[PDB]
Amino acid sequence: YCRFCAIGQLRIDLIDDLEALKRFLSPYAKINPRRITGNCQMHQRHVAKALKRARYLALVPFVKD
Amino acid sequence: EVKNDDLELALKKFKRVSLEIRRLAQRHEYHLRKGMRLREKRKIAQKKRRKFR
Amino acid sequence: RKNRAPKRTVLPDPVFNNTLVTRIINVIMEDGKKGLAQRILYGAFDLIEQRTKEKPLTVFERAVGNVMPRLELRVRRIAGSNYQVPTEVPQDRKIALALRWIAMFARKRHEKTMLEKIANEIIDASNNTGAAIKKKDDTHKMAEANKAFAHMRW
Amino acid sequence: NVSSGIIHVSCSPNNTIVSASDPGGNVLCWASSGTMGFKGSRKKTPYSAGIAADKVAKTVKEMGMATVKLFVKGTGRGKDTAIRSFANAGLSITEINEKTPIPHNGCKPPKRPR
RNA sequence: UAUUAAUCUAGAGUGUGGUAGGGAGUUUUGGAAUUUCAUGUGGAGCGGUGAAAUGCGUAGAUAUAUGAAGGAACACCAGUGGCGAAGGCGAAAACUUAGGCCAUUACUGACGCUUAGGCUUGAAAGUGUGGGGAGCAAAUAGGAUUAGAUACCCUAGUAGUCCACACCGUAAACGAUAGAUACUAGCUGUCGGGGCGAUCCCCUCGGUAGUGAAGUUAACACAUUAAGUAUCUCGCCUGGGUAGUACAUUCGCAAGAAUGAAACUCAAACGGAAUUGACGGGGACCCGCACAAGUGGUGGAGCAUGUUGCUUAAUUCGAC
């Protein structure tokens, strides 16, 4: 199931769109795979890099469970 | 993992992600080469994909 | 790969009108013939009732109900050690084990005619004097020790 | 001693250790599956872990912990029997915490069991 | 055609515009925490396996939480994903920039193509050079066990795994399928790009995949990304065991790399794959005192037979 480029902006930073990123997120340091949200390569890049970036800036649990 | 305020229900929904994260950490608690790790991981991934497709 | 096969028994005995007395006669049956065993058990019940002054049938059934077993084992090894899977055993084998234990512990005395000692052992098993009640108690206790080995599948 | 302390349960490939602490990093009592003397395959059984955790659960129930913080750690046959042992001993499960670390090969663990 | 005298683009490509890859490197941190130290409490265990033990604990543990330090590597995202020349690329963040995908009568007008020689790079061990070394394992060493463990078990554990430099430059770098080039039923998927439009559906082209036609490997199978079709160039190839031996020559003090006969000797290869089976010490279906669940004896006593054996003049001989 494609998620980005339909609810996203094709330009994903942390601010202004963090909720679409957190939709593949939990306070548990995990990202929903393609089996639940089958987003394409660029959308997977978006969610991966941006979510681990929010983890990197101390916005959401980096590894914390 | 943290599921609060329930003794059994939230604990039941807990145990799934709890064991998932526990196994995710467990397969990182022993030294191994990238070969077997990736081969088995992608074999399981393709098994799940073929079961899904 | 034998499937389930039903168990068989015989008709009751008029001394008690129960199958347990006849099955005890079958088990204690020497000379392969049941007349001697029937006489032995009749005298046993007479000596049961004349000792402690209590009715033989309720004594005998209490004995077979407190010797009552509740388990059978399926052995399996992991690599060099063998443990047990507790399995539900049919009630036929349960009553069979109870009666066989009664019969075997009835004749383990060498002092007089077998009549008095079989009566005394039936009384003891009814009054929970340890000859086979301890086996039931140990099975119940080890039912909290072998289920651990039953849980994991090696 | 605190109203809601912790009882940390570790499940090593042989044994189940239960250690009861205050949140201020002070363990006030302890137990283990080696305390009652079982060794090897027997102390890995769920019964051994349950009996080991029931001791600390009860003693923290009297000594001041009405409830406890339920920290689960590790995976095994005694990872969750400790939780129910705490629960039945008066330590109602306020919350559960699976704070198991997820390392990234920060070490090189020794030869792997076979 | 090798050559010459010109041109035209369409091969090399280049231009424009749209244009993406965990591409590489550079520069940063952040954490799961690993280990250690102090704060402490705890009051006899921790630990490891198939089994224990070795080992660790009473200068206060098991364990726990804070604070501080040093090293290592980054949970998920991770793709019938893309890119990078292979080597490879995944905690994130930035920069330089190779290169890419889409369509261009657009421009030189063949500028082309590869490649022996030649240029560069090249997992990695392991070498020394300076740090810390968090952790562990080659080697080594104890307890097991064994017919024996420096094999499978663990504890102690160095080189090393970490980084800076060279060298090692080999790999299952093998798709055991060369590079450039153009073409071959489809079908079902994905990613990227171009157009379009709630999304989308859709079309275009590639990339990334497959069943399978045709075609092609004995066969196994590949099959629009061929092992199909064909051109230029190069490398590898004729029996086994000897044998990559032996030599010569070299790159690096250091670990390694190319290297190449032959004596002797045997008809193939611990050969390949369509075919059948038992085994599994990988597994799978179905019957069976085969087991268990048991019931009774025997091996333990005596007894008769039958046998092994010894023996003489036979202890007849076949059966084991």
# chains A, B, ... in the order shown; residues from 1 in each chain; ligands from 1
$ interface_residues --of "chain A" --to "chain E" --cutoff "6 Å" --atoms "only C-alpha atoms (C1' of nucleotides)" --output "number ranges by chain"
A: 30-31, 41, 48, 52-53, 56, 63
$ select_by_dssp --residues "region 27-108 of chain D" --states "alpha helix (DSSP H)" --output "PyMOL selection string"
chain D and resi 46-63+81-88
$ residues_around --residues "residue 9 (chain A)" --least-positions-apart "4" --cutoff "12 Å" --atoms "only C-alpha atoms (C1' of nucleotides)" --output "PyMOL selection string"
chain A and resi 3-5+13-18+20-21+42-43+46
$ write_last_selection --atoms "N, CA and C atoms" --output "PDB file, in the first residue's frame"
ATOM      1  N   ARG A   3       1.891   5.022   0.445  1.00  0.00           N
ATOM      2  CA  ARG A   3       1.520   6.046   1.413  1.00  0.00           C
ATOM      3  C   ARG A   3       2.061   7.420   1.059  1.00  0.00           C
ATOM      4  N   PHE A   4       3.344   7.527   0.733  1.00  0.00           N
ATOM      5  CA  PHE A   4       3.926   8.811   0.376  1.00  0.00           C
ATOM      6  C   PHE A   4       3.681   9.111  -1.100  1.00  0.00           C
ATOM      7  N   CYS A   5       3.939  10.364  -1.477  1.00  0.00           N
ATOM      8  CA  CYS A   5       3.596  10.969  -2.764  1.00  0.00           C
ATOM      9  C   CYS A   5       2.093  11.064  -2.981  1.00  0.00           C
ATOM     10  N   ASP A  13      11.220  16.434   4.957  1.00  0.00           N
ATOM     11  CA  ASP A  13      12.062  16.732   6.100  1.00  0.00           C
ATOM     12  C   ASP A  13      11.286  16.367   7.365  1.00  0.00           C
ATOM     13  N   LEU A  14      11.871  16.658   8.526  1.00  0.00           N
ATOM     14  CA  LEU A  14      11.215  16.298   9.779  1.00  0.00           C
ATOM     15  C   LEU A  14      10.009  17.186  10.060  1.00  0.00           C
ATOM     16  N   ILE A  15      10.161  18.500   9.899  1.00  0.00           N
ATOM     17  CA  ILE A  15       9.085  19.406  10.281  1.00  0.00           C
ATOM     18  C   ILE A  15       8.036  19.467   9.172  1.00  0.00           C
ATOM     19  N   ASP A  16       6.806  19.828   9.561  1.00  0.00           N
ATOM     20  CA  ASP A  16       5.643  20.045   8.695  1.00  0.00           C
ATOM     21  C   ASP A  16       5.012  18.759   8.169  1.00  0.00           C
ATOM     22  N   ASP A  17       5.729  17.633   8.255  1.00  0.00           N
ATOM     23  CA  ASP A  17       5.157  16.371   7.796  1.00  0.00           C
ATOM     24  C   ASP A  17       5.494  15.216   8.734  1.00  0.00           C
ATOM     25  N   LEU A  18       5.837  15.497   9.994  1.00  0.00           N
ATOM     26  CA  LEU A  18       6.353  14.458  10.878  1.00  0.00           C
ATOM     27  C   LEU A  18       5.308  13.392  11.180  1.00  0.00           C
ATOM     28  N   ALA A  20       3.095  11.908   9.015  1.00  0.00           N
ATOM     29  CA  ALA A  20       3.142  10.844   8.019  1.00  0.00           C
ATOM     30  C   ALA A  20       4.310   9.902   8.276  1.00  0.00           C
ATOM     31  N   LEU A  21       5.416  10.433   8.796  1.00  0.00           N
ATOM     32  CA  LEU A  21       6.556   9.614   9.195  1.00  0.00           C
ATOM     33  C   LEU A  21       6.234   8.778  10.427  1.00  0.00           C
ATOM     34  N   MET A  42      11.559   5.347  -3.130  1.00  0.00           N
ATOM     35  CA  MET A  42      11.819   6.705  -2.663  1.00  0.00           C
ATOM     36  C   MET A  42      11.050   6.996  -1.386  1.00  0.00           C
ATOM     37  N   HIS A  43       9.811   6.517  -1.306  1.00  0.00           N
ATOM     38  CA  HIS A  43       9.045   6.657  -0.075  1.00  0.00           C
ATOM     39  C   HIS A  43       9.660   5.859   1.070  1.00  0.00           C
ATOM     40  N   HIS A  46      12.439   8.003   2.188  1.00  0.00           N
ATOM     41  CA  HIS A  46      11.836   9.057   2.992  1.00  0.00           C
ATOM     42  C   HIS A  46      11.637   8.590   4.424  1.00  0.00           C
TER      43      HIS A  46
END
$ residues_around --residues "region 240-244 of chain E" --least-positions-apart "6" --cutoff "10 Å" --atoms "only C-alpha atoms (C1' of nucleotides)" --output "JSON, numbers by chain"
{"E": [259, 260, 261, 262, 263, 264, 265, 266, 267, 268, 269]}
$ closest_atom_pairs --of "chain B" --to "chain E" --cutoff "12 Å" --atoms "only C-alpha atoms (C1' of nucleotides)" --output "tab-separated table"
residue	atom	partner	partner_atom	distance
B:20	CA	E:75	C1'	11.0
B:21	CA	E:75	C1'	8.1
B:22	CA	E:75	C1'	10.3
B:23	CA	E:75	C1'	10.6
B:24	CA	E:75	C1'	7.0
B:25	CA	E:75	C1'	7.1
B:26	CA	E:75	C1'	10.7
B:27	CA	E:75	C1'	10.5
B:28	CA	E:75	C1'	8.9
B:29	CA	E:34	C1'	11.1
B:30	CA	E:136	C1'	10.3
B:31	CA	E:136	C1'	9.0
B:32	CA	E:137	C1'	11.7
B:33	CA	E:161	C1'	11.8
B:34	CA	E:123	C1'	11.9
B:35	CA	E:172	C1'	10.8
B:38	CA	E:78	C1'	10.9
B:41	CA	E:78	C1'	10.8
B:42	CA	E:78	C1'	9.9
B:45	CA	E:79	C1'	9.6
B:46	CA	E:80	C1'	8.7
B:47	CA	E:80	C1'	11.7
B:49	CA	E:80	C1'	9.0
B:50	CA	E:80	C1'	9.2
B:53	CA	E:189	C1'	9.7
$ interface_residues --of "chain E" --to "chain D" --cutoff "6 Å" --atoms "only C-alpha atoms (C1' of nucleotides)" --output "list in words"
residues 32, 34, 41, 42, 63, 64, 65, 72, 73, 74, 75, 135 and 136 of chain E
$ residues_around --residues "residue 40 (chain C)" --least-positions-apart "3" --cutoff "9 Å" --atoms "only C-alpha atoms (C1' of nucleotides)" --output "PDB file with N, CA and C atoms, in the first residue's frame"
ATOM      1  N   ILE C  25     -10.353 -60.594  42.000  1.00  0.00           N
ATOM      2  CA  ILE C  25     -10.329 -62.050  41.879  1.00  0.00           C
ATOM      3  C   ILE C  25      -9.528 -62.466  40.649  1.00  0.00           C
ATOM      4  N   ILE C  28      -5.641 -61.764  41.438  1.00  0.00           N
ATOM      5  CA  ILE C  28      -5.055 -62.629  42.460  1.00  0.00           C
ATOM      6  C   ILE C  28      -5.277 -64.087  42.080  1.00  0.00           C
ATOM      7  N   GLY C  35     -11.909 -69.890  41.234  1.00  0.00           N
ATOM      8  CA  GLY C  35     -12.593 -70.358  42.429  1.00  0.00           C
ATOM      9  C   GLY C  35     -11.792 -70.109  43.692  1.00  0.00           C
ATOM     10  N   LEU C  36     -10.496 -70.427  43.657  1.00  0.00           N
ATOM     11  CA  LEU C  36      -9.636 -70.193  44.813  1.00  0.00           C
ATOM     12  C   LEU C  36      -9.538 -68.705  45.124  1.00  0.00           C
ATOM     13  N   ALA C  37      -9.392 -67.877  44.088  1.00  0.00           N
ATOM     14  CA  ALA C  37      -9.331 -66.434  44.293  1.00  0.00           C
ATOM     15  C   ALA C  37     -10.643 -65.892  44.846  1.00  0.00           C
ATOM     16  N   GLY C  43     -13.281 -64.590  52.050  1.00  0.00           N
ATOM     17  CA  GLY C  43     -12.731 -64.603  53.395  1.00  0.00           C
ATOM     18  C   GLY C  43     -12.043 -63.298  53.749  1.00  0.00           C
ATOM     19  N   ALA C  44     -11.426 -62.652  52.758  1.00  0.00           N
ATOM     20  CA  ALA C  44     -10.803 -61.353  52.968  1.00  0.00           C
ATOM     21  C   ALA C  44     -11.831 -60.321  53.407  1.00  0.00           C
ATOM     22  N   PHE C  45     -12.985 -60.303  52.741  1.00  0.00           N
ATOM     23  CA  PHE C  45     -14.025 -59.345  53.104  1.00  0.00           C
ATOM     24  C   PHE C  45     -14.628 -59.672  54.464  1.00  0.00           C
ATOM     25  N   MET C 114      -3.287 -66.260  54.052  1.00  0.00           N
ATOM     26  CA  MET C 114      -3.297 -65.029  53.264  1.00  0.00           C
ATOM     27  C   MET C 114      -4.531 -64.189  53.557  1.00  0.00           C
ATOM     28  N   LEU C 115      -5.565 -64.805  54.131  1.00  0.00           N
ATOM     29  CA  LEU C 115      -6.838 -64.124  54.336  1.00  0.00           C
ATOM     30  C   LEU C 115      -6.673 -62.890  55.216  1.00  0.00           C
ATOM     31  N   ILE C 118      -4.494 -60.082  53.460  1.00  0.00           N
ATOM     32  CA  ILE C 118      -5.181 -59.365  52.386  1.00  0.00           C
ATOM     33  C   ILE C 118      -6.264 -58.459  52.960  1.00  0.00           C
TER      34      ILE C 118
END
$ atom_distance --atom1 "CA of residue 95 (chain C)" --atom2 "CA of residue 31 (chain C)"
23.7 Å
$ residues_around --residues "residue 98 (chain D)" --least-positions-apart "3" --cutoff "9 Å" --atoms "only C-alpha atoms (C1' of nucleotides)" --output "count of residues only"
13
$ interface_residues --of "chain C" --to "chain D" --cutoff "10 Å" --atoms "only C-alpha atoms" --output "mmCIF file with C-alpha atoms, in the first residue's frame"
data_model
loop_
_atom_site.group_PDB
_atom_site.id
_atom_site.type_symbol
_atom_site.label_atom_id
_atom_site.label_comp_id
_atom_site.auth_asym_id
_atom_site.auth_seq_id
_atom_site.Cartn_x
_atom_site.Cartn_y
_atom_site.Cartn_z
ATOM 1 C CA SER C 81 19.181 -37.551 28.682
ATOM 2 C CA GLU C 144 4.177 -30.429 39.261
ATOM 3 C CA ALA C 145 7.667 -31.568 38.207
ATOM 4 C CA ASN C 146 7.252 -33.467 34.906
ATOM 5 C CA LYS C 147 4.938 -30.947 33.236
ATOM 6 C CA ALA C 148 8.019 -28.734 32.949
ATOM 7 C CA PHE C 149 9.617 -31.458 30.817
ATOM 8 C CA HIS C 151 6.148 -28.128 28.092
ATOM 9 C CA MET C 152 9.233 -27.773 25.901
#
$ residues_around --residues "region 57-68 of chain C" --least-positions-apart "5" --cutoff "9 Å" --atoms "only C-alpha atoms (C1' of nucleotides)" --output "PyMOL selection string"
chain C and resi 15-16+18+20-21+45+48-49+94-95+97-99+101-102+122-128+131-136
$ atom_distance --atom1 "CA of residue 33 (chain A)" --atom2 "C1' of residue 210 (chain E)"
23.3 Å
$ interface_residues --of "chain C" --to "chain E" --cutoff "12 Å" --atoms "only C-alpha atoms (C1' of nucleotides)" --output "VMD selection string"
chain C and resid 1 to 3 7 26 to 27 30 32 71 to 82 87 to 90 92 to 94 96 to 97 100 154
$ select_by_dssp --residues "chain D" --states "strand (DSSP E or B)" --output "ChimeraX atom specification"
/D:4-11,16-22,26-32,67-72,93-98
$ interface_residues --of "chain A" --to "chain B" --cutoff "10 Å" --atoms "only C-alpha atoms" --output "list in words"
residues 27, 28, 29, 30, 34, 35, 64 and 65 of chain A
